[PDB]
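What follows is a set of notes on a single structure, which appears directly below.
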Amino acid sequence: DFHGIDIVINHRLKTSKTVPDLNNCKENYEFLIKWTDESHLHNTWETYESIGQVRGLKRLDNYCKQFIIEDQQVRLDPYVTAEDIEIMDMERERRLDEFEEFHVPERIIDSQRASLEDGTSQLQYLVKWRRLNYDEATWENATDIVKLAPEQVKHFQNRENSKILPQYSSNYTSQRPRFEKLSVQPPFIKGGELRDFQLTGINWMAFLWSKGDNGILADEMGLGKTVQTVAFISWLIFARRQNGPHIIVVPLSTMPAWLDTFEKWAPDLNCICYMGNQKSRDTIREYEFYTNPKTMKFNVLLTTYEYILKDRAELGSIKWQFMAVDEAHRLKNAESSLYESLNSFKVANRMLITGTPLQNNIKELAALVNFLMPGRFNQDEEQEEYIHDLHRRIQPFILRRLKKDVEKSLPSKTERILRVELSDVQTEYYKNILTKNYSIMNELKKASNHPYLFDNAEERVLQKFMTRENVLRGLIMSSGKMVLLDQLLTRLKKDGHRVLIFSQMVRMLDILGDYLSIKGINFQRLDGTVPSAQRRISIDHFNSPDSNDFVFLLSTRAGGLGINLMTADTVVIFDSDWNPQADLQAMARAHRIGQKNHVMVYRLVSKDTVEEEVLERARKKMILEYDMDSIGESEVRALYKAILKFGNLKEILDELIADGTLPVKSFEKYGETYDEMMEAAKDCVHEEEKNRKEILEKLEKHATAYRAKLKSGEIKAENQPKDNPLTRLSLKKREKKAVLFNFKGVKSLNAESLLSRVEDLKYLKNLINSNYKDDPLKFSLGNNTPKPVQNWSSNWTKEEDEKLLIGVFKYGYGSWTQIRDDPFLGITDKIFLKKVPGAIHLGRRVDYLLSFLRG
DNA sequence: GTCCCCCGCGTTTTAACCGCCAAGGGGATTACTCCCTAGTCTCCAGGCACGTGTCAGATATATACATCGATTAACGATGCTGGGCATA
DNA sequence: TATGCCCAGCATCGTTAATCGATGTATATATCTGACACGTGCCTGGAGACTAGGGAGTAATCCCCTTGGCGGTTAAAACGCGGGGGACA
Ligand SMILES: Nc1ncnc2c1ncn2[C@@H]1O[C@H](COP(=O)(O)OP(=O)(O)O)[C@@H](O)[C@H]1O
Ligand code: BEF
């Protein structure tokens, strides 16, 4: 709640030497300081004497110290070169790129109208910013959000209008509907077009979904397995009416990719994922349900694997029906916490999208069999029968679509091995370790390709004297993979290719980080240490067509974790990571469909070592490649309110039923009840006129009979008789009754408001649609000025009359709960419940505006 | 910085120590026999692992009843305000 | 023509009644997990039964060791006095 210093944004000078001290930073430089408990849009250039003693001051002292050292490294040092200027100056634009992303929103979480100190109540939005966790979500008023990013406000209103709550979802658990194998594509792909095997896979998932069974999508990496999942979920929600919540577990590295693809292909569905640790959990819990002792405002989310094990009570207390997972190789063993954790969620159908090798161990395939079908089910001689029965037994429940059907638009594939010999350092480090001197088992396998893995190893090679070229010279010649890697790297640099290096050891990545940095090679690492905010900037920087990073380092599990590289084509592997097909899936992050200049792969096989035996063992595990017509009282009243709000409901009834008011009935019954209500209304008005005119005639006869006795002189003039036909006739002219009729128990139903409501709403639909159909925010009236206000505590002009009809045109009459919360009108502090703007007091004003426009 | 409880030291008072002799309880040795143990067999039922089963608590869950919160349609009485009718 | 007089006209205030929805409270039912008792099956580590032998019981004798009593010197414990130096605040 305190207004202290959070972080530092930018820095410059305030008043327009060898080393500026802190005093020069006080009386000579101003710094852009970001305050805590506040958005990044309130950054002010402050120093020390302008704010005084405030909470938090050491951060700016350390930042100013790094700025002093930076100034000592820009032009106040005789040892600086040329690349150091581009690096130190590159950090400036780097921090600017990491700070400008906090000013643009990305999502509006909630929208609660809070009161101020002057008594007014303004609607503030829970703004979510870009490249930031769910924390630090500040409330911003609706007076400047619509003036900066209207797409987030319009989409935020679209999430509330498109009511896809689970209470509207169908319940085909007792009987599945008739399924039809489609061939075309549904009009929901707004991103791009699809081929044939995508729609075939969708027809397979929906083909098996109608039978109450689950399958495994085992296609090739790159055939659009993510798009088929989003299209299958969207088609299942909007087709089979399955708007219920669907949990899709996605790793944290691929979560932003699935968010961008999900919003790019299906923008009509929200994608509120689950990230953070503590406060973000409170954000997801406060956004999950309402503060009451069951308001489902979500459906599709993304949960990381660790977030499942960390939070089992929050996710386990919610019902689910569909489960999707990318890279489902984590379920290799049936004795893990994730395997028993996913089986605890009461779901209905599952779907496994992965390509794990189900041939090296039977517990993997069997684990994937009993994972979705609990109950279903060695020697080399009986293996032909075991796979002869299990093969065709599992074929109807698996998709095996090879890449041979998509090679018509893909470049050729090739791979060349390279048996690299050892050197003298690898000989002494390969023989002298298992003797006497040390200076257990896996350390030899790790040191079978690079000696620099301990401590007493760099000073042993350096037999002379700080130098720089001698260290790198003694570093490249220590192993053959460095000399051959530098020669092949130079050969690829003579033409122009994007080369990748996949390594298992995390220390070798740092060794390459110290070797490639001296040679002037711009690159960026990617392992399991940096957070998503950094690796996402690195990958988004590598995907640029003008990127100068021709080398991009990865890892094994982190390298083949997810996402993809489109501009990469060359994949260099130091050694096999002790896993079959791990190299195929590792090259799958670069060798993809978007690549056009082919793919060249070099495997640095260590000759006469220990990795060739592991490679042979990996080849051994690779050769195996085998009531509807019933309308109750609440339906008559709710339908009557639907007529009072929307009028004619024979054209947008599908939108007036899915809102949650009208139950699931037949449209013909709504049409018949509507025709009977309107017909009985018109007939009741006609009878009301035929009888009312007769009553008026009787009051004219009795009134004349009273006047005949009044003009004679039989009535005293001292007291005027109030009980005469004249008074009851005058009160009959100003009668306080309406055309009422009881329809099927429901009493107090007016017929004039229905006809006049259809006329007013019809004149509004034809008036707005007959002039501005695709731009309702540009409708005008001209010179038609109605009567002024009657003592109102707010300014009201013609613009309020023009924008006031927009809310009635969109939401309808009587829906003042959405008009006061609409930021596209400007009447935020002009609609209340003591006060002048009332509910019916303004509605009758709208009726006066419509009656004024009709005349 | 103060006060009084220990050490050092001379003399007064008790009992430890050494020498001698006595007497008998109790420990040390021995011989014989007889109960109690290790050793050896057979047997299982005691015990170990595990599937199967209804009952403590705990968690909702469809259904019904009672009590408001708040909203909207309806009714009693106008207040200037607008649109026309008899007089300066 | 301007100024008081007749006839509507919506919004001002207040009050009644029907309705959707939230809150509180039962009430019999369908899961959830955690079992402790039983029967399933099997091992044999105990029980059961018998033998054989040598330890330990006891009894009968021995003689060493422990307790006792006594009296003479001769050091030791006991006492006090006095004042210094360590405890304690
Ligand atoms: N239907 C499609 N049409 C065109 N391109 C597609 C389609 N589906 C996927 N892609 C391409 O595939 C890339 C995404 O890869 P993706 O299939 O999501 O990886 P994964 O193997 O994790 O599913 C995108 O860059 C996109 O260009
Ligand atoms: F093969 Be995908 F990129 F997971």
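All the letters of the first sequence, read from the start, carry residue numbers 175 to 190, 199 to 475, 481 to 564, 574 to 635, 651 to 676, 681 to 841, 1006 to 1212, 1245 to 1266 under the deposited numbering. Every residue, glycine too, gets a C-beta built ideally from N, C-alpha and C.
As far as DSSP is concerned, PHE370 takes part in no beta bridge. Relative to ligand 1, even the nearest heavy atom lies 6 Å or more away from the CB of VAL431. When rounded, the separation of the alpha-carbon atoms in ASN1174 and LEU1204 is 14 Å. The nearest non-hydrogen atom of ligand 2 is less than 6 Å from the C-beta of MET403. Assignment of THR229 by DSSP, reduced to helix, strand and coil, places it in the coil class. Counting only the Cα atoms, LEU1108 lies some 46 Å from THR1207. Here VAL309 is buried. Its C-beta has 16 or more other C-beta atoms within 10 Å. Judged by DSSP secondary structure, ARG341 falls within the alpha helix (DSSP H) whose first and last residues are 332-343. Of the residues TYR354, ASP701, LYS407 and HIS428, the one whose Cα lies closest to the Cα of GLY394 is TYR354. At least one heavy atom of ligand 2 lies closer than 6 Å to the C-beta of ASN779.
With respect to the 7 Å criterion, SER392 and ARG358 are classified as neighbours on the basis of their beta carbons.
Separation of the CB atoms of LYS696 and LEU819 is rounded to 5 Å, and the pair is thereby assigned contact status at 8 Å.
Taking the CA atoms as reference points, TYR625 sits about 7 Å from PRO662. Under the 8 Å Cβ criterion, the region 380-389 counts as touching the region 404-422, having at least three qualifying pairs. Closest option to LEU704, judged by alpha-carbon separation, among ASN244, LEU724 and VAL787: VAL787. Contact check for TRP321 against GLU288 fails: the beta carbons are separated by 7 Å or more.
Straight across, the Cα-Cα distance linking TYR1192 with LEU1212 is about 16 Å. About 6 Å separates the beta carbon of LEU525 from that of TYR492, a gap short enough to meet the 8 Å contact definition. For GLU322, the pairing in a beta bridge is given by DSSP as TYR307. The region 404-468 contains, as complete alpha helix (DSSP H) runs of 4+ residues, the segments 407-421 and 437-447 (chain order). Proximity of the beta carbon of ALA803 to ligand 2 is indicated: a heavy atom of the ligand is located closer than 6 Å.
Between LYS247 and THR229, the C-beta gap is not smaller than 7 Å, which leaves the two residues out of contact. Within its own chain, the residues whose Cβ lies closer than 8 Å to the Cβ of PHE485, once the five positions on either side in sequence are excluded, are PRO427, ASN452, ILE454, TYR469 and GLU470, listed in chain order. Rounded to whole angstroms, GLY1161 and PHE1025 show a C-alpha spacing of 27 Å. Taking the CA atoms as reference points, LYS709 sits about 28 Å from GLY775.
Contact between the region 545-561 and the region 510-525 is established, with three or more Cβ pairs separated by less than 8 Å.
About 11 Å separates the CB atoms of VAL825 and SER791; that is not less than 8 Å, and the two are not in contact. For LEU724, no beta strand (DSSP E) encloses it; the enclosing alpha helix (DSSP H) starts and ends at 721-730. The residues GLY397, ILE398 and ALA400, in chain order, have a CB closer than 8 Å to that of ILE594 in the same chain once the five nearest residues on each side in sequence are set aside. Annotation: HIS185 is outside any alpha helix (DSSP H); the continuous beta strand (DSSP E) that includes it extends over 179-187. At the C-beta level, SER531 and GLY503 come within 7 Å of one another. Between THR218 and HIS224, the alpha-carbon positions lie close to 10 Å from each other. Taking 7 Å as the cut-off, the beta carbon of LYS407 is found closer than this to the beta carbon of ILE540. The Cβ atoms of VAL1118 and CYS1063 sit closer than 7 Å to each other. Remark: the shortest separation between the CB of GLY406 and any heavy atom of ligand 1 falls under 6 Å. Note on geometry: alpha-carbon atoms of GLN749 and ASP755 lie some 10 Å from one another.
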